[PDB]
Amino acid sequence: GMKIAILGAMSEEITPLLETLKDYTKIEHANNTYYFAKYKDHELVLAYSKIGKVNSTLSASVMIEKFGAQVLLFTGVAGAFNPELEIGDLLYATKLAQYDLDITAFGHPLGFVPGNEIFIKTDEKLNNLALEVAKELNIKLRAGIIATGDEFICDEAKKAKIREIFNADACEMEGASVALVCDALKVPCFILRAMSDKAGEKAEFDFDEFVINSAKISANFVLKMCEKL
């Protein structure tokens, strides 16, 4: 077995795992709670980071450095950009960018800063494992690019602009930051999102309606990956 981090942003994205696991302990650290449970031969560490890039960066860092995570699976919801994605559909990120990281005034591409790249990649072995699990459970699973930033996108123009620049299939507020931390600390990273809305007009209303259910779809899937790991 191994130490597996399971990370989400909101309580809704992680509580379904805690209710399935039943027996777990808690540690208060980094102004948050981290949850610990056995599952098969593995030792799980779970948390919801709170929303956004800074919060998620800190949690990923803590789970690896303090709690010894050897793999990190991210589970949660996202806003769909690709028109073929429907609410509830699962998307794993092959790579991710920060659409709101902007020193373009100095001639750099949007999302780029010196020492880093525009896209951060997820782990190929974990991605292939997800494809196997999807086949076994007869679940539709799409591969794609996720654009991350610290804004809830609910505007057709913004949606279109970010989709065009990064060829992004969905948006959210934690993926690129988590994948960056994992890459930096040499930990294999998997980023899974279930669609809660289509990031346009009324996206906030669709989010409210579908978040609880979409969060469970993603959460169930990452736990099924822990079985195969």
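Each form is matched to the other, and the largest set of C-alpha atoms that superpose within 1.5 Å is called the rigid core. Note that residue numbering follows the sequence shown and begins at 1.
- Looking at 211-219 and 17-25, the one farther from the shown form in 5 other deposited structures of this protein by average CA distance, after a rigid core fit, turns out to be 211-219.
- For the pair 208-216 and 16-24, the mean B factor over Cα atoms is greater in 16-24.
- The deposited model assigns a higher average Cα B-factor to 86-94 than to the other stretch when 72-80 and 86-94 are compared.
- Each of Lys161, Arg193, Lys38, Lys53 has a CA temperature factor in the record; the biggest one is found at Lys38.
- Within the selection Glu124, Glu117, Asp102, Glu151, the deposited Cα B-factor values reach their highest point at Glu124.
- Among all modelled residues in this chain, the alpha-carbon of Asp169 has a temperature factor (C-alpha) in the middle third.
- In this PDB entry, the Cα temperature factor of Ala5 sits in the middle third of its chain's modelled residues.
- The PDB entry assigns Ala157 a C-alpha temperature factor belonging to the middle third of its chain's modelled residues.
- Ranked by Cα temperature factor within the chain, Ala176 sits in the lowest third according to the deposited record.
- The deposited CA B-factor of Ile145 belongs to the middle third of values across its chain.
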